[PDB]
C-alpha cells in the first residue's frame, strides 16, 4: 500500500498522510529508522 511504499522511499513526512493512526504510522517511522540514510 501507499504507507509501506512511503516508508521504503524514506519519506517520513508521508507516513502521516498515507498511514493509519496507531501501529501503521509507528511501523512507517520504525522502518525508516531501521533502514534509511542517515539512520544507517
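Indices start at 1 and increase along the chain as displayed.
Cβ from N, Cα, C; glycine included.
Residues or ranges marked as disulfide bond by Swiss-Prot: 3-19, 10-36, 15-28.
Secondary structure at residue 19 (disulfide bond), as computed by DSSP, is coil. Summary for the disulfide-bonded residues 15, 19, 28, 36: the Cβ-based neighbour count within 10 Å is maximal at 28. Sorted by the number of other CB atoms within 10 A, the disulfide-bonded residues 3, 10 start with 10, the lowest. Rounded to the nearest whole angstrom, the C-alpha distance between residue 19 (disulfide bond) and residue 28 (disulfide bond) is 8. Comparing the Cα of residue 36 (disulfide bond) with the Cα of every entry in 3, 15, 28, these being the disulfide-bonded residues, the smallest distance points to 28.
Separating the Cα atoms of residue 10 (disulfide bond) and residue 3 (disulfide bond) is a whole-number distance of 11 Å. For the pair residue 15 (disulfide bond) and residue 3 (disulfide bond), the C-alpha distance works out to 6 angstrom.
A Cα-Cα distance of 7 Å separates residue 28 (disulfide bond) from residue 3 (disulfide bond).
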